[PDB]
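Chains as they are written, first to last, in this note's numbering: chain W, 1 to 62; chain A, 1001 to 1291; chain C, 2001 to 2062; chain Y, 3001 to 3062; chain Z, 4001 to 4062. Ideal placement from N, C-alpha and C gives every residue a C-beta, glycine not left out.
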Amino acid sequence: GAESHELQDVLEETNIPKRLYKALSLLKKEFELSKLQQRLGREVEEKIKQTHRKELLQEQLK
Amino acid sequence: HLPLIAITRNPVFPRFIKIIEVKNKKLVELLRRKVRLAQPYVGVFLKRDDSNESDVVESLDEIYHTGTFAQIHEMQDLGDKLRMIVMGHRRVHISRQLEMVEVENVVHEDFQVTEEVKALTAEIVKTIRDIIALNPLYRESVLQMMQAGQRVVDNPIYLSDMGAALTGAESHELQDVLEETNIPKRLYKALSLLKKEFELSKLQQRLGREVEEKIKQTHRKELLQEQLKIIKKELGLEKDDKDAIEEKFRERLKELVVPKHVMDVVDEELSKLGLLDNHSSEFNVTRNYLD
Amino acid sequence: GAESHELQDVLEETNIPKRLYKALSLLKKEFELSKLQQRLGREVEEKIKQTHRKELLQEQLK
Amino acid sequence: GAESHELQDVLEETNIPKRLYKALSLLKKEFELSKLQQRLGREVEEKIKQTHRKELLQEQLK
Amino acid sequence: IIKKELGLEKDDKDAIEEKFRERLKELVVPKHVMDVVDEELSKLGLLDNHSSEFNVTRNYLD
């Protein structure tokens, strides 16, 4: 998912190790972004489950 | 030679136990008269369009000439005084119910070569299984008890009739099926009617499930909004109560040399405001009073 | 969807062209039967479709 | 799940049948509490599911 | 990430929030009604499209 600028920079690289390492670093960056979004989503989803659960717990107390 | 039984919206599918409960107590006399008979029996017929109780006792042509003679089983009378048990045993078609003469004109003609005749039975049972799975109407134990491979099906016509009984088609469709004399015609009509009934039933169920799907989609869009809104609550809302209505009015009243009764009244009003949801009209009235 | 007797008759044929022609004839017969059944089904579905859409609207109302 | 006091009381008992009966009674007590908890939980979950279905049926009422 | 998230959910209501904001753009308008409209649009976004109270709020906004 790296921007087109990153792809252009990868193209600028000449040596095979350089270009492949930059592509691998970009892939790791993609994982970092995806995992950040996933962690935020899962944390907020546990909290929203708990928020609905709180009305359910007031219902249990009821 | 007995008076026609008042079906009163109680269809009796072939080889299917059904219960008839007519409010009128006149049939009670008829039922009690036949108790003395060594072999009690009850006549089963089907009503035509535009059901009318008065026409039943006025004209006998309303009831279809078709009928299903069967033996009475037993009397229960649990809640009401009439709980007739009607079963499909022997179909009959009276030439003229006006004139009682009857004949067992049951037609079950079949071809000598029987290799593909039962092939359609496999498709019929598969369709019935699909319908009951997607449109559950009765328990599955009946299907297990009556399996086409068991070879115990000595009456394929009756099996087809029971399978088509699951159809939710109007009684007019059943009458049209009965009018058919050729076996292929009736079988084809039965399966097509079954598919139509399933379509209607699935429509009714689909609306109910679709409401849940929209609610889930709304909650899911709101859930993604809640994820970004939690990040904002840390960041954008700043988890800071200052600049809010509560704190805004607190700072507004901060610089005034204020009595104490007003302070307790304002504390009560702020407690309500926090308890009160923002959208509610009571919340707006409370906000205006606080202003 | 031919009968088991039809399959036995096909097996009875020895020459490859003869069995191929018999299989093609069986396919033609089965296709003709299926087409006739489908056309009859379409005609009957149209006849039932003569039921006015007012009936469908009344069903939705109910 | 019996408290340590119950375990001490069981230890005080010397007759094997007495301690066996006390252990069975403690097991029955825990079973009763757990069954009550499970029944209440399922009842509340059914009530919340019925509340969601009641919202659906209120839309249908609209 | 913050600004992309804000952009994705920028509109309180679909095809309504932006329309009313652009309608207000040409207006040299007092601050009081701006804050009132901001609160009303926040509530609008919080509410769902087909609510009767949402309908009354929409009519008031119009």
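Segment limits, alpha helix (DSSP H) that includes residue i
i	result
residue 4034 of chain Z	4031 to 4046
residue 1032 of chain A	1026 to 1033
residue 2005 of chain C	2004 to 2012
residue 1018 of chain A	Segment 1018 to 1020 is the beta strand (DSSP E) holding residue 1018 of chain A; no alpha helix (DSSP H) there.
residue 1090 of chain A	Not the alpha helix (DSSP H): residue 1090 of chain A falls in the beta strand (DSSP E), residues 1090 to 1093.
residue 4057 of chain Z	4052 to 4061
residue 1099 of chain A	No alpha helix (DSSP H) holds residue 1099 of chain A; DSSP gives it neither H nor E.
residue 62 of chain W	Segment: none, residue 62 of chain W is in no alpha helix (DSSP H) and carries neither H nor E.
residue 1055 of chain A	1053 to 1058
residue 1129 of chain A	1119 to 1134
residue 2001 of chain C	Unbroken run through residue 2001 of chain C: none, as it is neither H nor E.
residue 1162 of chain A	1156 to 1165
residue 4016 of chain Z	Looking at the DSSP string, residue 4016 of chain Z is not in any alpha helix (DSSP H), and its letter there is neither H nor E.
Assigned secondary structure, residue i (DSSP; H/G/I helix, E/B strand, else coil)
i	result
residue 1070 of chain A	strand
residue 33 of chain W	helix
residue 1064 of chain A	strand
residue 1041 of chain A	strand
residue 1009 of chain A	coil
residue 1146 of chain A	coil
residue 1183 of chain A	helix
residue 1114 of chain A	coil
residue 2052 of chain C	coil
residue 3042 of chain Y	helix
residue 1079 of chain A	coil
residue 1237 of chain A	coil
residue 1188 of chain A	helix
residue 1015 of chain A	coil
residue 1036 of chain A	coil
residue 4023 of chain Z	helix
residue 1023 of chain A	coil
residue 3026 of chain Y	helix
residue 57 of chain W	helix
Best match in the options for proximity to residue i [C-alpha to C-alpha]
i	options	result
residue 1110 of chain A	A:1097, A:1183 and A:1262	A:1183
residue 4041 of chain Z	Z:4010, Z:4001, Z:4003 and Z:4030	Z:4010
residue 3004 of chain Y	Y:3014, Y:3023 and Y:3018	Y:3023
residue 1196 of chain A	C:2044, C:2034 and C:2039	C:2044
residue 1003 of chain A	A:1060, A:1085, A:1264 and A:1135	A:1060
residue 4048 of chain Z	Z:4006, Z:4014 and Z:4005	Z:4014
residue 2051 of chain C	A:1008, A:1048, A:1227 and A:1173	A:1173
residue 1016 of chain A	A:1085, A:1094 and A:1272	A:1085
residue 1083 of chain A	A:1093, A:1072, A:1091 and A:1090	A:1072
residue 25 of chain W	W:47, W:42, W:14 and W:1	W:1
Min CB distance residue i to chain Z below 9 Å
i	result
residue 1288 of chain A	no
residue 1278 of chain A	yes
residue 1085 of chain A	no
residue 1231 of chain A	yes
N- and C-terminal bounds of the beta strand (DSSP E) containing residue i
i	result
residue 1045 of chain A	1045 to 1047
residue 1307 of chain A	No statement about residue 1307 of chain A is possible, as the shown extent of chain A runs from 1001 to 1291 and does not include it.
Test: residue i CB closer than 9 Å to a CB of chain A
i	result
residue 4005 of chain Z	yes
residue 3046 of chain Y	no
residue 2050 of chain C	no
residue 4031 of chain Z	no
residue 3012 of chain Y	no
residue 4043 of chain Z	yes
residue 2034 of chain C	no
residue 2043 of chain C	no
residue 4026 of chain Z	no
residue 4018 of chain Z	no
Beta carbon proximity, residue i to chain Y, threshold 9 Å
i	result
residue 59 of chain W	yes
residue 56 of chain W	yes
Cβ of residue i within 9 Å of any chain W Cβ
i	result
residue 3040 of chain Y	yes
Any C-beta of chain C under 9 Å from that of residue i
i	result
residue 1190 of chain A	no
residue 1197 of chain A	no
residue 974 of chain A	Lying before the first or after the last residue shown, residue 974 of chain A is absent from chain A, which here runs from 1001 to 1291.
residue 1102 of chain A	no
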